[PDB]
Amino acid sequence: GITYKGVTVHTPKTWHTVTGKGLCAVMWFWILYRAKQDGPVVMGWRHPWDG
Amino acid sequence: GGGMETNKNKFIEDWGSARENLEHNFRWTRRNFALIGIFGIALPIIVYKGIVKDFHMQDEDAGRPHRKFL
Amino acid sequence: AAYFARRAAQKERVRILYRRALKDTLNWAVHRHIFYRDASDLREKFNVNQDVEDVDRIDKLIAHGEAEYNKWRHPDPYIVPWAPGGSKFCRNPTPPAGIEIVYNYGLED
Amino acid sequence: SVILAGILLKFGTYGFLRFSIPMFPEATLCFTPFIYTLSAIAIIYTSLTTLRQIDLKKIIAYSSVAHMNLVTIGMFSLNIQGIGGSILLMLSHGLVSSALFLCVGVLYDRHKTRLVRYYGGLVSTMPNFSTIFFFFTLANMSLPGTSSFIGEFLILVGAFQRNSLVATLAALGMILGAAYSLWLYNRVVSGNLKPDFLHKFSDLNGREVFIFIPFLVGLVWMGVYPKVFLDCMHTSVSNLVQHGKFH
Amino acid sequence: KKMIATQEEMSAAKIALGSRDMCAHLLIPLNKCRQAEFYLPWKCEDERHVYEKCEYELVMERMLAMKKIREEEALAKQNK
Amino acid sequence: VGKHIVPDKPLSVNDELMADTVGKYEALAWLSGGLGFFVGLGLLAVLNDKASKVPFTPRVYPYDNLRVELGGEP
Amino acid sequence: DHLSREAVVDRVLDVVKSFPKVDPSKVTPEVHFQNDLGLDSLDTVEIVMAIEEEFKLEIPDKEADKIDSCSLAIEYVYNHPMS
Amino acid sequence: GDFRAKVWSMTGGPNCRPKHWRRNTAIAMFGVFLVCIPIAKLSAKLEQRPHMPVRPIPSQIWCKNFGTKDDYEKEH
Amino acid sequence: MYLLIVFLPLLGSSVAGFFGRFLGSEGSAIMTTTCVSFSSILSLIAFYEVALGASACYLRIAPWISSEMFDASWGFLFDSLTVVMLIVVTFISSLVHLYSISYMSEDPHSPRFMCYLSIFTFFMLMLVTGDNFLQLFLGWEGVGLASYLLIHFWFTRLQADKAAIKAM
Amino acid sequence: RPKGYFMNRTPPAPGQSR
Amino acid sequence: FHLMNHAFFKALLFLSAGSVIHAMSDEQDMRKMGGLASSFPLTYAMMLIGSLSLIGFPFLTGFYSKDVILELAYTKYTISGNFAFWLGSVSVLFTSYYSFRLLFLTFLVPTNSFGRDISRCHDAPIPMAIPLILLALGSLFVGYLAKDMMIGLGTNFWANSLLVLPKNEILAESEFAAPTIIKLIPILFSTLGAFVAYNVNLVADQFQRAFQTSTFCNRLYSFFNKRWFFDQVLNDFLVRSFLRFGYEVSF
Amino acid sequence: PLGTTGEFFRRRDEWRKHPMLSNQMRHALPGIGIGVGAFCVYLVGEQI
Ligand SMILES: CCCCCCCCCCCC(=O)SCCNC(=O)CCNC(=O)[C@H](O)C(C)(C)COP(=O)(O)O
């Protein structure tokens, strides 16, 4: 932990930082991918049966 | 210090005994005339007529003359 | 004396009114930095009348002040969790002393 | 108190079933709205009175008046659900009310007070009594699974098919009955101890535990499997309802 | 668009009463794989797309039909 | 918890039973205004008449609008 | 754990040090706010509130106004089981 | 606390730490599994599946009540 | 197997409630969580046979209230709607029991808390699986009773008693 | 040993029975 | 479908919020928190997923159910249907506001918490951490993994469990006959709600003076904070009336 | 915090400038960099 005039804030454990970063990252990758495939469809530009 | 019996409180016990002797304080005030009039006579009558009318509506719904009661 | 006790009572009311008004201020401001300025303006309001010497004016200034705090008091003030009215109050409290448990009660003999 | 509320109270409703209802079938019909009004007034009025009672025994005793007037509603509905429900509530009340009088008697034997304000926090000193007190408190609220729910709902079914209005006013016993029953339980058992009033306690002994066991078995048994009772009653109940008519 | 799937065929495919429209015929092979493919979104994309094309055209036709009706209320109104 | 307060004064009759900044009838007046918002919007929905502004015809189902399948006499 | 008397005294000293009108050279654990350090009583209330915020305590209003000295507040905080 | 140490409860009271709680816990686990035995046989004898599943299921092994309610005009 | 889904939390609640003095905080936490977890695994399998496999289940135990035409019984109905609720109730409850194993670690009365968690789940299962209005009514009152017992779990707090009575 | 006694009865002398 | 979705993200929001309360020594007030975006990485990440899934952020668990509900309420051409569409749509702006206000005030603003509170923080142990992770996965994927199963056009997953008469089927028209502007109304309001929450909580410092000098603005704050005075009126006119009846009249 | 009361409390809140207790608004999006790059690497892979 790092002390600054009396108050001490302990460093979070490594797997707590890793898991938090990773799970959000999967979520961002999930959103960008689903925006790639369904963004055009929901924005109304095209249709699922178009082709 | 000793004994399971509760340590009585004079104000709690006076509170308790006041409740048991409420009929000694009953005075026919305007408030009591209204309360007994509204809730001792009027409301029972209204409920009775609503119950009887409920039967009578069932009578006409079934094509039958009104049922006499009392 | 009587005038000292009478004026000491007036001091105690004003000090408590300042203590409550300054806690109500942080309830409305929440953030520390907003609170700093709102704290100064409130102290700058007690400082305006800090020199009044008329004893009957003090009573009216107090009574007007108390009703002000009571009118613009935050409807949901902060309370420390274990303080009365807090979310942790009366939760798993220590058992009182002087409790006796009787065994072998209600025997036929 | 156990005999007074568990047995003696049943003589009037039993007299309605044994004599008044069958012998005078025309008179029974003409007076059904009158019976419905008195019963419905009593349930609502005496339940609200129970709320404001400050004596342990006064609350339990006042509760019986509300329960017996639901019994009269069912028996004057003059159908299988009404009469069968009225009898089942009679027997269930004779068990629940007696047990509740037994719970208060346990407390009064030790502490010699009936005032609710003196008690409080008994869960931390009498957990076995508190657990048994809670079960019979639930049975007094007609909780499904207990015996008193079987009689209560079967009566409401019987009353609904005759008069919807009396069934609705009677069903207000569910709201009011739960209010005072839970208020009684929490003011006595929950909260903190008050050592200035009471500082010496003893949970139930072996005799008191045995006394409650047949009551617990009785309410659960009729609560979940009331068929053993309804099987032995239905023929007599059916002939009571059919008495006086021939179609 | 004419009815192709008969009453027995829709009854045999246990089709919800709300889905016995004019594309009932394309729903039967779509539902047959949905049960077979555990209703997974990334399966039956071909059978799903033909069916969704149907249910879109039926709506457009009923939208075109109402447009004509809307265009006839104004004819009455201006000839008041 | 710490110490229950033993009464030193006579207890009131409504002692077994005993919302700070707003009064009683004033609170009802405010709440009726909020319920008046819901009533006002309901009337606007009446005057909007979105039923008179539907952009498609009602569905027509085959086989007599599913008369037999909906429980109608074969 | 409990918080030692020394820590209560020293953390209380720093709070009384941090006041603009109080000069941080005559702040001993027994000085008096309105007599040694020369403050108004409204200044004392601010000192009490900052003492509350340091230990996260909720003093009642009646007891809070009784605190007129550094020594007083030190005893009050130390004797508190939740400090 | 202090008096609660002289109070018997079924749930154990505050801060219950029985010395042999592991052997007690396993004895409880064996008991509940034993009680789960008659429940399973009664359930399998009482389950009724009117429709054959589209695929084989775990219950097509212990349960023999599949596709038996087809003649519902005979139900009584 | 379907009966095990409903009655497993009851057995776990019964063991920690009646024999928590022999199991303590650790044993009761283990017992109620495992019984709820196994009930959650069987719910996934029941979802397999009833929703994806499209094969519904009906189970009648015994009559409950038979009086002329009134036909309330102890009967269970498992269709797609039921197994969807079954998945929601048992899976989230298994996680909350696990979560409570650590969250209520320092509470004096954990074995009773775990007992109340499992009895609520059993009543919630009785609610969603009832094949009749009365069996539904029983679980409707049971979840209210269990909610009442857990809202004022800290029975010394006056605010908790007021809320629990209000909720009822 | 557990806390308290079942039904608040003190156990008999060791080797004896209630 | 929306019930199943709500279970995964409301449990995440509550179970994650409980981890904050445990770490801050049972502190529940947001006006005494602030900071902890770095002090609690796993908890903030879990609350971020759930709160974003709640407001209906696209392609998360909350987007596949809530947005269809507002689209179906638009496709219902009745007096009640038009009533719900307005109130539902205006509500999505209010939920986004209180969702990000929770996110901003608890972890992102400069700390308003106590010194002894931040000195005793700790993140969730395994029996608390594992359910949070699992609920996060369910809050990202179940909504997508189950859309075709429960609400897919013509899906027979429900068999005979749910009945809808043909005269009431409006799902097809909702996804084909609706303007593309409707299918965006939630994100316009959601984005606006995030922006208004960021403005009031981080760039506003005198939006609180009106509540302290104006009687109407003071009363309007109390109205919404005290739940439209619903409890008070009920207690003052209904609960007290029945309680007073029991003693003064029937007894 | 110009006034006496104000600057006093500003002095008391000096600990709030902690390196990992401030600038907490740049931690608003964990894994945003990882997720964006993981999408790009997938995007180049899709091309082939
Ligand atoms: C939202 C909340 C609203 C805010 C509420 C606003 C409250 C109204 C503020 C204005 C009302 C007043 O000034 S109240 C009247 C205040 N004036 C006096 O009391 C006379 C001065 N006498 C003294 O002794 C001291 O200066 C004294 C200051 C008392 C300290 O006492 P000490 O000798 O121990 O330091």
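Just so we're on the same page: letters track the sequence lines, and every chain starts at 1. Hydrogens, waters and symmetry mates play no part in the numbers below; they use all other heavy atoms, side chains included.
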How many angstroms lie between [atom1] in [X] and [atom2] in [Y], if you round to the nearest 0.5 Å?
X         : Y        : atom1 : atom2 : result
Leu105(K) : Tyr98(K) : CG    : OH    : 15.0 Å
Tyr44(K)  : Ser16(K) : OH    : OG    : 12.5 Å
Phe104(K) : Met30(K) : CZ    : CE    : 12.0 Å
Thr5(L)   : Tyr36(C) : OG1   : OH    : 13.0 Å
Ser190(K) : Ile55(K) : OG    : CD1   : 5.0 Å
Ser69(G)  : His32(G) : OG    : NE2   : 6.0 Å

Heavy atoms only: give me the nearest [X]-[Y] pair and the separation to one decimal.
X         : Y        : result
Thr156(I) : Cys90(C) : OG1-O, 2.8 Å
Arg52(D)  : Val13(F) : NH2-O, 4.0 Å
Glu7(L)   : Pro1(L)  : OE1-O, 3.1 Å
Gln50(C)  : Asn47(C) : OE1-OD1, 2.9 Å
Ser41(G)  : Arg15(C) : OG-CD, 3.2 Å
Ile47(G)  : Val15(G) : O-CG1, 4.1 Å

Report, as yes or no, whether the 6.0 Å neighbourhood of atom [atom1] on [X] holds more than 12 heavy atoms from other residues, nucleotides or ligands.
X         : atom1 : result
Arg31(K)  : CZ    : yes
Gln159(I) : CD    : no
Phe94(K)  : CZ    : no
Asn225(K) : CG    : yes
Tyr198(K) : OH    : no
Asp54(C)  : CG    : yes
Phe237(K) : CZ    : yes
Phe11(B)  : CZ    : yes

Is the closest side-chain donor-acceptor distance between [X] and [Y] under 3.5 Å?
X         : Y         : result
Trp154(I) : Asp107(I) : yes
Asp38(C)  : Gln208(K) : yes
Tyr25(F)  : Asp236(K) : no
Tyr18(C)  : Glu46(G)  : yes
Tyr78(C)  : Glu27(K)  : yes
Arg7(C)   : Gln10(C)  : yes

### Query
What residues, two or more places apart in sequence or in another chain, satisfy side chain to side chain donor-acceptor pair (under 3.5 Å) together with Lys5(A)?
none

### Message
Determine whether the aromatic ring centres of residues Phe38(F) and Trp228(K) are separated by less than 6.0 angstrom.
### Response
yes

### Task
State yes or no: are the ring centers of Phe35(C) and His31(C) separated by less than 6.0 Å?
no

[X]/[Y] ion pair, N-O < 4.0 Å:
X         : Y         : answer
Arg12(L)  : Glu54(G)  : yes
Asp65(G)  : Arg19(C)  : no
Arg6(C)   : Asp56(C)  : yes
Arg91(C)  : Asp26(K)  : yes
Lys226(K) : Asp76(C)  : no
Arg11(G)  : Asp14(G)  : no
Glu12(C)  : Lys62(G)  : yes
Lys166(I) : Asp231(K) : yes

### Task
Report the C-alpha separation of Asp43(G) and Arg43(C) in whole Å, then their side-chain angles, then the decisive distance to 0.1 Å, and conclude whether the salt bridge (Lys or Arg N to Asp or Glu O under 4.0 Å) test is met.
CA-CA 10 Å; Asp43(G) 318 329; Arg43(C) 176 69 188 255; 2.6 Å; yes

Student check: side-chain heavy atoms of [X] and [Y] closer than 4.5 Å:
X         : Y        : value
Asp24(C)  : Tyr69(C) : yes
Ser119(K) : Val9(A)  : no
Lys32(K)  : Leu26(C) : yes
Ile118(K) : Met24(K) : yes
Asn201(K) : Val30(C) : no
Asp68(G)  : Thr44(G) : no

Show every donor-acceptor pair shorter than 3.5 Å between a side-chain atom in residues 216-223 of chain K and any protein atom, with sequence neighbours excluded, or say none if there are none.
from      : atom 1 : to        : atom 2 : distance (Å)
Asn218(K) : ND2    : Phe211(K) : O      : 2.5
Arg219(K) : NE     : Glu26(F)  : OE2    : 2.8
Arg219(K) : NH2    : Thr21(F)  : O      : 3.0
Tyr221(K) : OH     : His74(C)  : NE2    : 3.0
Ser222(K) : OG     : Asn218(K) : O      : 3.3

### Task
Step by step, work out the side-chain hydrogen bond (donor to acceptor under 3.5 Å, both in side chains) result for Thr43(K) and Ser19(K).
CA-CA 7 Å; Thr43(K) 287; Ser19(K) 158; 2.9 Å; yes

### Query
Hey, mind stepping through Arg16(L) and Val7(A) against side chain to side chain contact (heavy atoms under 4.5 Å, CB included) and telling me if it holds?
CA-CA 9 Å; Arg16(L) 279 164 210 273; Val7(A) 316; over 6 Å; no

List the atom pairs, donor and acceptor, that lie under 3.5 Å between side-chain atoms in residues 2-12 of chain F and the rest of the protein, sequence neighbours left out.
from     : atom 1 : to        : atom 2 : distance (Å)
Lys3(F)  : NZ     : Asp196(D) : OD2    : 3.4
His4(F)  : NE2    : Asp196(D) : N      : 3.2
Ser12(F) : OG     : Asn14(F)  : N      : 3.3

### Task
Assess whether side chain to side chain contact (heavy atoms under 4.5 Å, CB included) is satisfied between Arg240(K) and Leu17(F), documenting all intermediate values.
CA-CA 9 Å; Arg240(K) 193 178 290 171; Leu17(F) 47 66; over 6 Å; no

### Task
Just do the side chain to side chain contact (heavy atoms under 4.5 Å, CB included) check on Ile59(G) and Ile67(G) with the steps written out, would you?
CA-CA 10 Å; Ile59(G) 303 169; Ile67(G) 300 177; 4.0 Å; yes

### CA sep, side-chain torsions, deciding dist, call: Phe33(G), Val16(G), side chain to side chain contact (heavy atoms under 4.5 Å, CB included)
CA-CA 9 Å; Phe33(G) 306 140; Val16(G) 190; 3.8 Å; yes

